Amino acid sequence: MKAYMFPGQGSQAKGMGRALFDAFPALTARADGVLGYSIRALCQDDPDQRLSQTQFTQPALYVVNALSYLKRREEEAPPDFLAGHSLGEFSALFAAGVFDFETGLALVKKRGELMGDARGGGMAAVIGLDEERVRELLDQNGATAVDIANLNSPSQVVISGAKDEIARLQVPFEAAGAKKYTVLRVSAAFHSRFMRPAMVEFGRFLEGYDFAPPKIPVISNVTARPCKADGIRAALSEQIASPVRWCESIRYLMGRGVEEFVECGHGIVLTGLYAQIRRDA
């Protein structure tokens, strides 16, 4: 059995998707229709570093992920399971037939606007400590406005919360054995109950759409279990205010009997996470 993994923010790069745009002109033009700019120019030329601005990053990654998937479906057998990292979930649900290409793109455009417009708090990526050790350190250092935002591998965790606490935790984390601690360039403390207003707004936005049942199961970042057909809105809206349970999602699939994990989209970010999850499991 085989799973496709769709990457999210952080995996974008100038020049990405070039060959896919060439091969899928209809979807390239349809994407332009939703966005109002050339999607190819955004990805290839990266005008004014817009690719690092989340309201453009998210559409770019969605389109490249979606076209990467369709290329794979022409050339090899369908996957048995799908999973996407944050933005990646939207491309996973597109692949599963939950919504059409345009709808998915409209949803990520809105997601990018909400997250770009978000204010308050920050985030840091931590390499070299497990979840338990991270939780212990937050406690020990009195960081009661900081929580775990991403569980990406057994040694890769993202934390999220009050800006001053995110700053102050760096040295103690490094002294505890973190191989790297990097304060991220983001608008706000994503993936905490802090983002509840954005969650509510996105949920209400999603009421205006009509979804179809997934034809291939999609593992939710919120639950680390397959999305229910009647729970698409909760899975997508609550995701932005909930911890991203990526490591658990991959372990769930391994426990189900999935042996092959393939990254579907630009880069090798999820491939590297998979190597670490598999090495530990």
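Take the two forms, find the largest set of C-alpha atoms that superpose within 1.5 Å, and that set is the rigid core. All residue numbers refer to positions in the sequence shown, first residue = 1.
- The stretch that strays farther, by root mean square C-alpha distance over structures and residues in 4 other deposited structures of this protein after a rigid core fit, is 210-218, when 236-244 is set against 210-218.
- For the pair 198-206 and 185-193, greater average C-alpha departure from the shown form in 4 other deposited structures of this protein after core alignment is found in 185-193.
- According to the PDB record, 74-82 carries the higher mean C-alpha B-factor of the two stretches 201-209 and 74-82.
- The question of which stretch, 137-145 or 184-192, has the higher mean Cα B factor is settled in favour of 184-192.
- Per the PDB record, 178 has a higher Cα B-factor than any other of 178, 159, 106, 92.
- Sort the chain's modelled residues by C-alpha temperature factor and residue 38 lands in the middle third, per the entry.
- Per-chain ranking of the deposited C-alpha B factor places residue 228 in the middle third.
- For residue 128, the recorded CA B-factor ranks within the highest third of the chain. Only modelled residues enter the ranking.
- Among all modelled residues in its chain, residue 214 ranks in the middle third by Cα B-factor.
- Placement of the Cα temperature factor of residue 172 within the chain: middle third of the modelled residues, per the deposited record.
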